[PDB]
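S.K.: Dumping the structure here so I can ask a few things about it.
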Amino acid sequence: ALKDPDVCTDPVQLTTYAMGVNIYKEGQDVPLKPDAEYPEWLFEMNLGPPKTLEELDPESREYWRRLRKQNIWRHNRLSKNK
Amino acid sequence: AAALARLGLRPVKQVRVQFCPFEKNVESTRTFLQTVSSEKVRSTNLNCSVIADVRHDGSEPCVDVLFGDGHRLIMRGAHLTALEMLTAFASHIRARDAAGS
Amino acid sequence: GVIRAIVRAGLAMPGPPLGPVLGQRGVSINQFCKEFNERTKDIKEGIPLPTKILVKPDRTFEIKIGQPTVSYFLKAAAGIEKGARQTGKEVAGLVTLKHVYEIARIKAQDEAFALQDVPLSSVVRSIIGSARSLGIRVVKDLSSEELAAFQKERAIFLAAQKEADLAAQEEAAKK
Amino acid sequence: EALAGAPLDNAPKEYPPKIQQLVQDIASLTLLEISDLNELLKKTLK
Amino acid sequence: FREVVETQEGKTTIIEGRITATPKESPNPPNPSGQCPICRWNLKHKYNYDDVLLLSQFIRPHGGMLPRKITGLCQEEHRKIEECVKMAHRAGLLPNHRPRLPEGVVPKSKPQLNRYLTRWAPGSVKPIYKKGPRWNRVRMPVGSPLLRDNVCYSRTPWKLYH
Amino acid sequence: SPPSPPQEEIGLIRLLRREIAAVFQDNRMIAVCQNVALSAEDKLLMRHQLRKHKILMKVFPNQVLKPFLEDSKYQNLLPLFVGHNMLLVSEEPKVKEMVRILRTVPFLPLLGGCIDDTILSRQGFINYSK
Amino acid sequence: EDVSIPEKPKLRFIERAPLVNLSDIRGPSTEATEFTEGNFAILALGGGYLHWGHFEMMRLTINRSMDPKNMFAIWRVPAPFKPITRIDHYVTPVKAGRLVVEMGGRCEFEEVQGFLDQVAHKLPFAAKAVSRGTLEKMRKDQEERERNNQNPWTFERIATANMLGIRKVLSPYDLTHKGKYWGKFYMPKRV
RNA sequence: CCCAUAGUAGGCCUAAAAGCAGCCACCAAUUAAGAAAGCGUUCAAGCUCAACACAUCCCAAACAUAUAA
Ligand code: FES
């Protein structure tokens, strides 16, 4: 079975030094650079629940991808019988 | 692709599918190319190959097939449907396969 | 065919689960663990690494290594050792957006993204969806103080849930 | 307003109308005039 | 009309199609509004199984039916003509629209039972050994129900069961 | 039959048309190929090599492209598209890099390439590579 | 998502006997003809008594086939009250045009029709699964047939005027039924 | 008809649950492809679909086509 090493839990260290970010034994956790250096879009990423069709712009690729997923779901529900 | 894939290009040696894409009457030949170029149809005989060349001289699309014991078969796509070429082609190779073994 | 089974770095085992899989193919088993353990030597022993095996009909095998799963990155990035039992109702961990971006950076170097050939923005957009599955909430400006109280309560709550699980284990032994 | 048809590979090369018109004008111009023109063109390249 | 050919010469076979002129539709249909050929010519409900001149136009040289898309017939008329062609064949009205006989087959003479308005293929039908009582009598179908709407020039409607 | 009112264009249809209005703008050269029969694993490596050569392989329905070509200046592009089609785009003209990879797959034919805002046949495209 | 499932989605159990009349199954139903908080239902097209045995069959089938979260079912039939002496057993009379069972929730008629229609064929009387749109089309279609009927002679006109002394061979109830209902059996095609 | 790449084998549990004993989720890459609608697995895999592109012995005889009386 798969075994994972225990993660040391210090609040300051975890934020500054993520163990997961570093995968090699020789390397060390990657520190976080100032916020300004990081891309602005990172801060604009959506953290909320999946947007409904009304929220999404109608003429947008995501809107019709969401519409397509919903339509396939509708077929799934009908196909449940067989 | 499915139909031919069941048969397999065993007794064939090479194919030729010359067509001028600009010409309107090349639709049938290109559809024929898809079937023969199908991985399922081709994989059957890695040794066997296919030529699908492309030109812009205005020549009518032509399909020429190379075999071993069987004589070469040439089909002109301009006045042939893709299904008729495939079914007639499959019949020819089947007879050649019987002759070989 | 092709076999893609996640294997911990340097912990490849001839026995199950990957063991019997190789036996059916007929490819050498010991050779895999030998080459794999020697190829992931630098990587920490125990890192979830998706591995793809290119098996020819001749049974010749060419191993393929990828970047670790997103779960491992996010988990440690918060300090959490085990994800949440329930999603949306409890928060497993607290990671900044930076942490999601840092994982996206090193995670975009894998084979999957090369094929997916998407931009940097999409990379993060796909890791925020995994963190939610784990329960890990992302906050623009998390603070050490907030992190300390949140993690401490979760750890104690996880111990309480572990105690409930332990009680169920006793019932399972009874039945 | 519409792109011209691709020439056949066998067919001789076809040249845009503008290119053909320019060739005729160069011959009429004197070498001394051409020499003055040539000097300005070289500077633009570098 | 496209006739595929094949010529084996010089140890090679060439397959090519030949486009030939076809029979043009008669000019000025009486009712140009009609969607399909039958209504366009005021022929709806006005043709029977023995109108070979009308039915022959919608069948292949070997007696097979032509697709609806190619002919343009509406689904209702397509099924009517399809049944009429079946009865026309079974009655011997179309003796030149049969598959060509190759060299292998031998000319043979077998019982030629004259029949007409045959709804079912002779082989499939089974004898009516028990007719049954008068209130529940097993009848013998004659003609087709699809032609029940045909123009009737008599005070008695067609009997479809005998 | 009563003529039906014209069907409204789906938003996806507009999105596909909007994408086309950027392909030519973004990538100077767009190439058309027809053989999609190639296996997925070979296809994946083909795109991966294209990325190594800064080229992108994408497939779009001709249902929307065909009307656009009739309206766009490249009307002569329309005949090439038939059945299954795919597009290769690269802002920088990596013509030689593309051609040498296509040569490795005989059953995959390059119908034509629209480069430098000019419809060029495959035979002429080779000369351009040199 | 707007629809809300009650705390008890699956159909509740029906008592075999009450805790404590051939006309009952004859004619059009005057109650339970309209959907209540449910789009789909099983429409009774005939008149027959329902003993507990049927209730257990319908409840078992509907419950297992239906998904609790997706949809809910509400009983429209009361408990068996009529005494049948061979009391040997208790039954529930259902008149024609009555909705025996109703199905409402996050589902479509095609999804619902499958199990509802299957249960319907078991009922001792003719029944067909119906939906709001379907049932309204059924009633709207019936009204269209009456208005556009080309026959100048109708059962109601002949029966009400007693033309040909027809009332000698007809029941008094036929004046209200108008020939659509013959005993327990109901004839939909009749105008 | 066509064809179904993949994060990843989602988390949690499950000896085992890899779309698919269950639970919780049902987010996402691609122009597109349901954490999955079936079938199928010890679990996998495999196979389709939704997507992309394209009880002596039957019982009148008969009859379809001449203006309902
Ligand atoms: S549509 Fe008029 S007869 Fe076919």
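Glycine also receives a Cβ, built like all others from the backbone with ideal geometry; neighbour counts cover every protein chain displayed. Bear in mind that the values in this text are calculations on the coordinates, not laboratory data.
S.K.: Regarding segment G:1-116, what is the average projected area of its C-alpha convex hull, in nm²?
M.R.: Averaged projected area of segment G:1-116's Cα convex hull equals 7.9 nm².
S.K.: Treating the beta-carbon of each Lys and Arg as +1 and of each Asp and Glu as -1, no other charges, what is the dipole magnitude of the protein assembly as shown about its Cα centre, to the nearest 20 debye?
M.R.: The calculation lands at about 5320 debye.
S.K.: So what's the back-of-envelope 222 nm ellipticity for chain C, counting only DSSP H runs of four-plus at -39500 (n - 2.57) apiece and dividing by all residues, rounded to 500?
M.R.: Working: 7 runs with 90 residues, N = 175.
Using -39500 (n - 2.57) per qualifying helix, the result is -16500 deg cm²/dmol.
S.K.: Of all DSSP beta bridges in segment G:1-146, what percent run antiparallel (nearest 5)?
M.R.: Antiparallel: roughly 95 percent of the beta bridges in segment G:1-146.
S.K.: So what's the Cα pair-distance distribution over segment C:86-167, bin width 10 Å, in %?
M.R.: For segment C:86-167, the pair-distance distribution reads 16, 39, 27, 15, 3.
S.K.: Taking segment G:33-73, which trypsin sites (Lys or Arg not before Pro) meet the DSSP loop condition and have no more than 15 other C-beta atoms within 10 Å?
M.R.: For trypsin sites (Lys or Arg not before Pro) across segment G:33-73 that sit outside H, G, I, E and B with at most 15 neighbouring Cβ atoms in 10 Å, the list reads G:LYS69.
S.K.: Too long at a 29 Å Cα-Cα cut-off: which of C:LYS107/C:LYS140; C:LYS98/F:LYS58; E:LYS44/G:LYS178; F:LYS58/F:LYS96; D:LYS13/D:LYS46; E:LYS44/E:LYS131?
M.R.: In this structure, C:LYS98/F:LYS58; E:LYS44/G:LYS178; D:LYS13/D:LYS46; E:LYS44/E:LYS131 exceed 29 Å between Cα atoms.
S.K.: Another question, if that's okay. Separation between the C:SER122 and G:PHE81 pseudo-spin-labels, each 7 Å from Cα along Cα→Cβ, expressed in nm?
M.R.: Each label point lies 7 Å from its Cα, and together they span 6.7 nm.
S.K.: Is there a quick way to get the dipole size of chain E? I mean about its Cα centre, with the Cβ of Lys and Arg at +1 and of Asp and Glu at -1; what is the value in debye to the nearest 20?
M.R.: On the way: 29 positive and 13 negative charges, 246 e Å.
Here the size comes out at about 1180 debye.
S.K.: Counting only C-alpha contacts under 8 Å and six or more residues apart, can you give the relative contact order of segment C:1-66 as a whole percent?
M.R.: 45
S.K.: May I ask for the longest run of chain E untouched by trypsin sites (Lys or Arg not before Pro) that are loop-located per DSSP and have at most 16 neighbouring C-beta atoms (other than their own) within 10 Å?
M.R.: E:47-99
S.K.: 7 Å from Cα along Cα→Cβ at both B:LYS13 and A:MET45: what's the point-to-point distance in nm?
M.R.: Modelled inter-label distance: 6.0 nm.
S.K.: Name the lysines eligible as straight-distance cross-link partners of C:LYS82: C-alpha to C-alpha under 19 Å, and not fewer than 8 places from it in the same chain.
M.R.: In chain and number order, the partners are A:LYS3, C:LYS44, C:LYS152, C:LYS162.
S.K.: Can you tell me the 0 to 90 degree angle between the C-alpha axis of helix D:31-45 and the longest principal axis of chain D, rounded to 10?
M.R.: 80
S.K.: Given springs between every Cα pair under 10 Å in a Gaussian network model of chain F, which of F:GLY113, F:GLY11, F:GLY83 has the largest fluctuation?
M.R.: Taking springs between Cα atoms under 10 Å, the residue moving most is F:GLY11.
S.K.: Mind checking F:35-41 for the average number of partner chain beta-carbons within 10 Å of each residue's beta-carbon?
M.R.: 5
S.K.: Quick one: putting +1 on the C-beta of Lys and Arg, -1 on the C-beta of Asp and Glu, what dipole do you get for chain F around its Cα centre, in Debye to the nearest 20?
M.R.: Computed about the Cα centre, the dipole is about 540 debye.
S.K.: Provide the FRET efficiency to the nearest 0.05 for the F:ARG51-A:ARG61 pair, computing r from the beta carbons and using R0 = 22 Å.
M.R.: Efficiency computed from Cβ-Cβ geometry: 0.55.
S.K.: Sticking with this one: Of the GluC sites (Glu not before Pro) in chain D, which ones lie in a loop per DSSP and count no more than 16 other C-beta atoms within 10 Å?
M.R.: Those satisfying the criteria are D:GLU1, D:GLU14.
S.K.: Same structure again: Compute the helix-to-body angle for A:61-79: its Cα long axis versus the longest principal axis of chain A, expressed 0 to 90° and rounded to tens.
M.R.: Helix A:61-79 and the main axis of chain A meet at about 60 degrees.
S.K.: Name the residue farthest towards the positive end of the dipole of the protein assembly as shown from the options G:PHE55, C:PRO119, B:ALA88, assuming +1 on Cβ of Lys and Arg, -1 on Cβ of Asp and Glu, about the Cα centre.
M.R.: G:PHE55
S.K.: Same structure, new question: Compute the acute angle (0 to 90°) between the alpha-carbon long axis of helix E:75-90 and the principal axis of greatest extent of the alpha-carbon atoms of chain E; round to the nearest 10°.
M.R.: Long axis of E:75-90 versus the principal axis of chain E: about 90 degrees.
S.K.: Follow-up. What longest range of chain F stays clear of loop-exposed GluC sites (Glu not before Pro) (DSSP non-H/G/I/E/B, at most 11 other C-beta within 10 angstrom)?
M.R.: F:10-130
S.K.: Cα centroid distance between segment F:1-63 and segment F:107-130, in Å?
M.R.: Segment F:1-63 and segment F:107-130 have Cα centres separated by 18 Å.
S.K.: Which of B:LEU46, D:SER28, E:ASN96 sits closest to the plus end of the dipole of the protein assembly as shown, meaning its Cα is farthest towards the positive end, when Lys and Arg get +1 and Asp and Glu get -1 on the C-beta?
M.R.: The residue sitting farthest along the positive end of the dipole is E:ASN96.
S.K.: May I ask for the distance between the Cα centers of segment C:15-43 and segment G:140-191, given as a whole number of Å?
M.R.: Value for the Cα centre distance between the two parts: 84 Å.
S.K.: Within 10 Å of each Cβ of C:73-86, how many other protein chain Cβ atoms are there on average?
M.R.: 5
S.K.: Give the long-range amide H neighbours of G:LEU50: residues separated by 5 or more places, or on another chain, with amide H under 5 Å away, using H modelled in the peptide plane at 1.01 Å from N.
M.R.: So G:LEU50 has HN proximity to G:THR92, G:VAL94.
S.K.: Could you tell me the largest-minus-smallest coordinate of the C-alpha atoms of the protein assembly as shown on each of the three principal axes, in descending order and whole angstroms?
M.R.: Principal-axis extents of the Cα atoms in the protein assembly as shown, largest first: 118, 88, 68 Å.
S.K.: Moving on to the next point. For segment E:50-62, take each phi angle, set θ = phi - 60°, evaluate the Karplus expression 6.51 cos²θ - 1.76 cosθ + 1.60, and give the result in whole Hz per residue in order, putting x for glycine and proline.
M.R.: Result, ordered by residue: 9, 8, 4, 4, 6, 6, 4, 5, 9, 10, 6, x, 9 Hz.
S.K.: Divide by every residue of chain G the summed helix terms, -39500 (n - 2.57) for each DSSP H run of at least 4, and state the resulting mean residue ellipticity at 222 nm, rounded to the nearest 500 deg cm²/dmol. Kindly include the intermediate steps, with their values, before the conclusion.
M.R.: On the way: 5 runs with 56 residues, N = 191.
After summing the helix terms and dividing by the residues of chain G, the value is -9000 deg cm²/dmol.
S.K.: Something else: Compute the whole-percent fraction of alpha carbon pairs in chain F spaced more than 23 Å apart.
M.R.: Percent of Cα pairs beyond 23 Å in chain F: 35.
S.K.: How many Cβ atoms of partner chains, on average, are near each residue of B:25-37 if near means within 10 Å of its Cβ?
M.R.: Counting Cβ atoms of other protein chains within 10 Å of each residue's Cβ and averaging gives 4.
S.K.: Next question, about the same structure. How big is the gap, in Å, between the Cα center of segment C:139-163 and the Cα center of segment C:77-110?
M.R.: 14
S.K.: Tell me the mean residue ellipticity at 222 nm calculated for chain F from its helices only (DSSP H runs of n ≥ 4, each -39500 (n - 2.57), averaged over every residue, nearest 500). Before the final figure, lay out the partial values.
M.R.: Details: 5 runs with 56 residues, N = 130.
My calculation for chain F gives -13000 deg cm²/dmol from helical runs alone.
S.K.: Computed on alpha carbon atoms, what radius of gyration and Dmax characterise chain C, expressed in Å?
M.R.: Calculated on Cα positions, Rg and Dmax stand at 19.6, 59 Å.
S.K.: Using only the Cα atoms of segment C:1-66, build the gyration tensor, take square roots of its eigenvalues as a ≥ b ≥ c, and label the shape rounded, prolate or oblate: rounded if a/c is under 1.5, else prolate if a/b is larger than b/c, else oblate.
M.R.: Taking the square roots of the gyration eigenvalues as a ≥ b ≥ c, segment C:1-66 is prolate.
S.K.: Among E:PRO122, C:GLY79, C:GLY1, whose Cα lies farthest out toward the positive end of the dipole of the protein assembly as shown, if unit charges sit on the beta carbon of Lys, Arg (+1) and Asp, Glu (-1)?
M.R.: E:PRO122
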